[PDB]
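What follows is a short report on a single structure.
Chain nomenclature is as follows: A, B, C, D, E and F, assigned in order of appearance, with residue numbering initiated at 1 for each chain independently.
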């Protein structure tokens, strides 16, 4: 499902080496390390991101995300 | 089209440069104060040039008056030089498309690039000294020059003259720093690494500045402008981007109220996970 | 074959850690880890890429891509 | 707890492969390699970073950091 | 030998995971993993690169490259 | 101690897996791959770098470097 679509409101590197993003008012985390620079780039350049996951509750994990310039 | 750059005083020099700029370019709507602007070169066909007569090397004297530079108008590149006494146009190899009527054209083997000129001249631009004295020496070298291949002294002469004409036309920073050498105290202008960096980034700057709409800063590779006075104090004339494009099709990205050249941002945002990078040898 | 040439229309990080780009209206995925940030940077600047693969149908895999200055 | 919030004043790569940043007049270091280019990108672009740690004394370590745009 | 000195005309990720750049009309490949983002950054910013290798024919490999600001 | 301070004049990767930077007219090298993207990003964005070592000399190795925007 499409959990959240919008700009990244903040990102956060976590003590357990996971990475959190806030998108459309909801927070999600990923353990995939290559998503860290991909998400920070999206945040900096103002990409619209679509977080995709089986479970979309705030505070849930994800490992699928779409990146759009617009 | 014929212009004079008069090196007699700081006043005559700056006046000369401003007169050229007004004729060949149009101020940007959003980077202009009074009659001091960043201006975009007016569209002209390829092959169009203007002539620059060098004057006032000896202050206010009709001496050393036989040198003319040929400048391609669209890009402000120096295509070569004319000895008006011998009526000879010495043309760089990369400018065979520039045709000057009523002169003997000598097509040179040497190209106009800084890479080539610095090599032949055995002179690096970073730390290059320019004074009134060395411009007189440069003039005399160019007047003595003959043949189809640039010599060391002719190349040193061209490096100095291109800096104080074409590069100064583009960059108010170079105009400001060099002009001190024209004063009665006759100090030496030393070209800084920062001056050199500007000249190497002219195309990239040209692609970005038309997008400026009062952002808190501008970042183009190694170049940074923190405010409008920094922009105006540095840049006077830019290419018409309407060598503007390197790759891609996005001039700029606004990041935290700073206008970035998109390519610069892309070039530090293309790294993978650091742990994975270093371990994956 | 040269399958698709153009700008990246969207990119996507997939749950299996492969990475998808849409080029010339067709989707292509790659398992080459190093291509992920290289493709995203191409995307953000509007760099033209050429996707090269054995099959060119949307949904095809690739392991070769050319980054052009067009 | 939030130790320091602000722009990165300088960053430093250290001989033991740790990485230091100065934020709000205070220095903090991290042993997490993944943070190095992310903090550099934050510094270059003037992101507001929030250093989070149980010890907030200048010179202390961290492994949690939030990245915000303006 | 001094093979090429110029801007990167295109770059290519190859099926064998090597990376190719075209400089001064000739193609050169490298298997040095560290060079991939560095070469793309050079291409993006129009850096002059100097490729040095024991052979300079198009299709030669390299592991030595200088990144210039000029 | 501070060995050199200024913008990076050039960077170079060598066949022997060393990475050279020229700062303030002096050449220094590092074999830390972590430093390669950091140093190249500093080079292309015009950061002021401060090369640091216990003993400062020409053509020596380093693994401490400070980065400033300016």
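In this section, a contact is a pair of C-beta atoms (placed from the backbone, for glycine too) under 8 Å apart; a residue touches a chain by one contact, two chains touch by 3 or more.
Here's who's who by UniProt: A, C, D, E, F = Shiga toxin 2 B subunit; B = rRNA N-glycosylase.
Ignoring chain A and leaving every other chain in place, which groups of chains are still linked through touching?
one piece
Looking at where chain E touches chain F, is over half of the residue numbers used by both copies, so same, or under half, so different?
different
How far is the middle of chain C from the middle of chain E, if each middle is the mean of its Cα atoms, in Å?
For chain C versus chain E, the centre distance works out to 21 Å.
Could you give the separation in Å between the centres of chain D and chain E, each centre being the mean of its C-alpha atoms?
Spacing between the chain centres: roughly 34 Å.
Between chain B and chain C, tell me the centre distance in angstrom, where each centre is the average of that chain's C-alpha atoms.
Those two chain centres are 39 Å apart.
Spell out, as numbers or ranges, the residues of chain B touching 2 or more other chains.
197, 221-222, 246-248, 253, 255, 263-278, 281
Residues of chain E touching 2+ other chains?
33-34, 37, 40-41, 43-45, 69
Of all possible chain pairs, which ones touch?
Result of the pairwise touch check is A-B, A-C, A-D, B-C, B-D, B-E, B-F, C-E, D-F, E-F.
With touch defined as at the start, can you tell me which chain E residues reach chain B in the complex?
Where chain E meets chain B, its residues are 7, 33-34, 37, 40-41, 43-46, 69-70.
Any idea which chain B residues touch chain F in the complex?
For this pair, the touching residues of chain B are 193, 197, 219, 221-224, 264, 267-268, 271, 274, 277-278, 281.
Quick check on the complex: what are the chain B residues that touch chain A?
Checking each residue of chain B against chain A gives 253-255, 265, 269, 271-273, 275-276.
So in the complex, which bits of chain A are touching chain D?
It comes out as residues 10-15, 17, 33, 36-37, 40-41, 43-44.
Applying the document's contact rule, which stretches of chain A touch chain C when the two form their complex?
So the residues of chain A touching chain C come out as 32, 34-35, 37-38, 41-42, 45, 47, 63-69.
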